[PDB]
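Both counts, for ligands and for their atoms, begin at 1 and track the order of listing. Quick note on labels: first sequence line is chain A, next is B, and so on, each numbered from 1. All heavy atoms count here, side chains included; hydrogens, waters and symmetry mates do not.
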2 protein chains.
Amino acid sequence: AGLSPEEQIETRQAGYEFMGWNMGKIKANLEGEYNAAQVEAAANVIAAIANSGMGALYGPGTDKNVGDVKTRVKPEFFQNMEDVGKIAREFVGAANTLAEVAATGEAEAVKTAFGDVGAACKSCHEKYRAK
Amino acid sequence: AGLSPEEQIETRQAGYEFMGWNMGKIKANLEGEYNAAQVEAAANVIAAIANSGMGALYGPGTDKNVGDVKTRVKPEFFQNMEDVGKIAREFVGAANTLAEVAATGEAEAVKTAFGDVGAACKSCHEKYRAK
Ligand code: HEC
Ligand code: HEC
């Protein structure tokens, strides 16, 4: 009926990976020729994936390697769900602000908001992603 | 950024897999009971990834397996770029309408727009993806 553990692991990893491509495209525009419409579209993807409810992909047996599929989540992610929830809400707030300032076309304002979204990816990885 | 072949195949598959999870959530809501806010967030992911410039992920060298990174794109894709462009434009128009209508909360209107984006996904798979 619903997604199996191994499918939930592949899907959250797809979501994270797609955000990474869009993060790299904003960094490449900030350093080379800034194209405001390309940054806006990339920022829009990060805000949409941050609001997508990825919490639903951390269901019961997804704390371990299942089949052919390997997870890098640390077991502490489960057991610290209020802390996870708070970092997650700091991340949708930073992701929503990037989308809003990307819409102004001003690269300097985008540099700052991008730095704050980066911070939020990093603080969750630091505590909850292995090795 | 200017990605390697490996990274282009891995990212395009990650975008598609994440759009499939969100399409599955809209069908679940249409068949079970509708949570309007859930459908809006899933619809906005589809339109943001449709608008993200994934055409950039079908560069040279990406038409075959690169190392042990496997791809399911048929060689035909790369021969028929005019047809791929036609399909891809109608896909982002349809994905744009799905996010526009899902924002109203009107389940019956979401039902036909969802069918249009679905049609656009299988039309490209029928011609250009192995199986
Ligand atoms: C927790 C609240 C997280 C936030 C916010 C972000 N990421 Fe993360 N990420 C997290 C975990 C627990 C994991 C491991 C998932 C697993 O099941 O293995 C990850 C993983 C990634 C990956 C690797 C995906 C893969 O190919 O296997 C990437 C590229 C990644 N994360 C990127 C990323 C970015 C760019 C973020 C902010 C925009 C971001 N993540 C936030 C946990 C969390
Ligand atoms: C062509 C113009 C396409 C449109 C529109 C959509 N898809 Fe597709 N998809 C396409 C190709 C050529 C491939 C293979 C890519 C590769 O390098 O292997 C795919 C693949 C998928 C996948 C599997 C990805 C994976 O992780 O291996 C899924 C789940 C998928 N496609 C879904 C999907 C959905 C739901 C679409 C519409 C909303 C959609 N695709 C559009 C080409 C095209």
Item to check | side-chain contact (heavy atoms from CB on, under 4.5 Å) partner of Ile46(B), chosen from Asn22(B), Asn51(B), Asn96(B) | outcome: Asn22(B)
Item to check | Close N or O approach (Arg12(B), ligand 2; < 3.5 Å) | outcome: yes
[atom]: which protein heavy atom is closest, and how many Å away?
| atom | result |
| --- | --- |
| atom 30 (C) of ligand 2 | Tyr16(B) CB, 3.5 Å |
| atom 23 (C) of ligand 2 | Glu17(B) OE1, 3.6 Å |
| atom 14 (C) of ligand 1 | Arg129(A) CG, 3.9 Å |

Checklist outcome for this item: Under 4.0 Å from one or more heavy atoms of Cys121(A), ligand 1 contributes atoms 34 (C), 35 (C), 36 (C), 37 (C), 38 (C), 39 (C), 41 (C)
Next on the checklist: Which of the numbered atoms in ligand 1 are under 4.0 angstrom from any heavy atom belonging to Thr71(A)?
Outcome noted: 16 (C), 17 (O), 18 (O)
[X] (side chain) donor-acceptor with [Y] (main chain) under 3.5 angstrom:
| X | Y | result |
| --- | --- | --- |
| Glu126(B) | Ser123(B) | no |
| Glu6(B) | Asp68(B) | no |
| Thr97(A) | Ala94(A) | no |
| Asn35(B) | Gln38(B) | yes |

Checklist outcome for this item: Note: ligand 2 atoms sitting under 4.0 Å from heavy atoms of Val117(B) are 38 (C)
Item to check | Atoms in ligand 2 with a heavy atom of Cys124(B) nearer than 4.0 Å | outcome: 1 (C), 2 (C), 3 (C), 4 (C), 5 (C), 42 (C), 43 (C)
Next on the checklist: Geometry only, no angles: is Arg72(A) polar-contacting ligand 1 at N/O separations under 3.5 Å?
Outcome noted: yes
Item to check | Polar contact flag for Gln13(A) and ligand 1 (N/O pairs, less than 3.5 Å) | outcome: yes
Next on the checklist: Under 4.0 Å, counting heavy atoms only: does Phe114(B) come that close to any atom of ligand 2?
Outcome noted: no
Checklist entry - Does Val73(B) come within less than 4.0 angstrom of ligand 2, counting non-hydrogen atoms of the residue? => result yes
Next on the checklist: Judged on heavy-atom distance to atom 5 (C) of ligand 2, which of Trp21(B), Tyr58(B), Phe91(B) sits nearest?
Outcome noted: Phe91(B)
Checklist entry - Between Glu90(A) and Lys86(A), does at least one N-O distance fall below 4.0 Å, as a salt bridge requires? => result yes
Item to check | Salt-bridge contact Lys74(B)-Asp63(B) (side-chain N to carboxylate O under 4.0 Å) | outcome: no
Next on the checklist: If I take every N, O or S atom of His125(A), is at least one of them less than 2.8 Å from atom 8 (Fe) of ligand 1?
Outcome noted: yes
Next on the checklist: Assigning hydrophobic clusters by single linkage (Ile, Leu, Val, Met, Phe, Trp, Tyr; side-chain heavy-atom cutoff under 4.5 Å), is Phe18(B) placed with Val73(B)?
Outcome noted: yes
Checklist entry - Quick one: do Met54(A) and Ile9(A) end up in the same hydrophobic cluster if we chain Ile, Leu, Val, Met, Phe, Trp and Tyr together by side-chain heavy atoms under 4.5 Å apart? => result no
